[PDB]
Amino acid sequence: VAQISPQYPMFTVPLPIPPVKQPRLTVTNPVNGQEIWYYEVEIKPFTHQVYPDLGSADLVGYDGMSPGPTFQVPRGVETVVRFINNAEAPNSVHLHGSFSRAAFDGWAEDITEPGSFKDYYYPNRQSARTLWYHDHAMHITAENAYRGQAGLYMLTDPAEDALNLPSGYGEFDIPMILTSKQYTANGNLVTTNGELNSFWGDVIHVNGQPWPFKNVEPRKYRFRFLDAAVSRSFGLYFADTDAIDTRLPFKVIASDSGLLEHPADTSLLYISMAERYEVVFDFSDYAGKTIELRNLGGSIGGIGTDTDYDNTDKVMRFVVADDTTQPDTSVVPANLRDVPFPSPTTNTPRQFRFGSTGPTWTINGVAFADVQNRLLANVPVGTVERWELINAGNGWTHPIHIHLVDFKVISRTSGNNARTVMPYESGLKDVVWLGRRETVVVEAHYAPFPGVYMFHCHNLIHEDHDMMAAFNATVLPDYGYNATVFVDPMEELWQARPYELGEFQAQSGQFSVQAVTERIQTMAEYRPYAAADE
């Protein structure tokens, strides 16, 4: 259908690369003698000239940019991030892909008001994976994410580095953060406010830039795909501009939770809101060509319900040089890793229906705001459960996310007989797309931390009104590990605190090296992540 946003000069602006976020300082953890990396992020307003010849867009971003800066954290290094709200609305930061404690996980009611900050303590102990950090504030997650509160968080480890995959952040390892937005006639953003169905968007962005291009050499690149859109799901494929409908093969090497056991040879990648897939594309057979990254129409080939617009079949262009300037020393091994799959269970699976209750998107008839009813499962820590995630509807799709866990996709049935489990769903994930009339069974180890966690649809419009619920990963009162201060996401110990911008700017008072060092060493003594040792 006709583009609504003004006409854009397609494939004329280079793909931006978010800068790497550096820690401000390190603090010795008195528990283990190891260095904790401490970071400060200021959430604040900024303008960005998206349309060359119109006005600017009003955004709110981590460190005044969108996407937020990229974190790059070695496995085993604990991080503390001071998220400082200097904006106009509350925030709640979630690190998507991290088994964070309940009070460091971005619980939707666990907000920071403007003129407050919160310190988030992250374990970084899971398998090498592409995480992302983004807003989770109750009822305003769609508008906070849409206006710029999302960024990448790469968890790295030597074992993955030894595979010799294409490497170097911004060299041959490229972030590909997809969004779908809409602009006014003067080049400002159309708000998601008031939208209760889906905000599709008619402008496709990579790393915050409409329809970019990149100069590539004829060799192998690792692309880290993330669907950070409010509502748009994608069917990604690559094509030579000399044969724009001919799909070129590539390899998926990783899903949400890390490496697949083996690369999945693929010509079409379904990716829905909050899914991460890492792809290796070999440009060597296309020296001197232009390869367009494109998006499947027909509402992702009948899987989705998304509206299609004139230019939503276009993502970006890669202009391939005639030659490499340096040898391609990278490879994609046939064997990537032993995926740590959960033990099969015979426990009769729980059922969750993703539908509506009057004008509200619900789970088993319940809206997140409804405290009395929204706690839908008690799961003893250590237990493996199958959850049957049901989309009975033909008129909506729902990428379902479960906090804390990594899960295996056991099965998919389609009431449109459209598809079962995709080859790139063979490993571990934390989001799974319920297409039209789809039921998916996932299996997860509810481990290793007790606490109250969210699960929900990651269509941020659905999530906000109000397709989200909670589970309690439970322990018996003799469990230990300071569980009584780490189960409650709203625990007073970990709540946000007020700051004065002067102190922040001068790095004085509670921002002094001394105050930060004392505050982090005190936090570290509670031993939040001790139960994940081994």
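From 1 onward, residues are counted along the sequence shown.
The stretch with the higher mean CA B factor, choosing between 339 to 347 and 213 to 221, is 339 to 347. The stretch with the higher mean CA B factor, choosing between 97 to 105 and 322 to 330, is 322 to 330. For the set 460, 271, 89, 404, the maximum C-alpha B-factor listed in the entry falls on 89.
Among 74, 304, 115, 175, the highest C-alpha B-factor recorded in the PDB entry belongs to 115. Residue 485 sits in the middle third of its chain by CA B factor, as recorded in the PDB entry. Among all modelled residues in this chain, the alpha-carbon of residue 293 has a temperature factor (C-alpha) in the lowest third. Ranked by C-alpha B-factor against the other modelled residues of its chain, residue 300 falls in the lowest third. Ranked against the other modelled residues of its chain, the C-alpha B-factor of residue 50 as given in the entry falls in the highest third. Residue 423: CA B factor in the middle third of modelled residues in this chain (values from the PDB entry).
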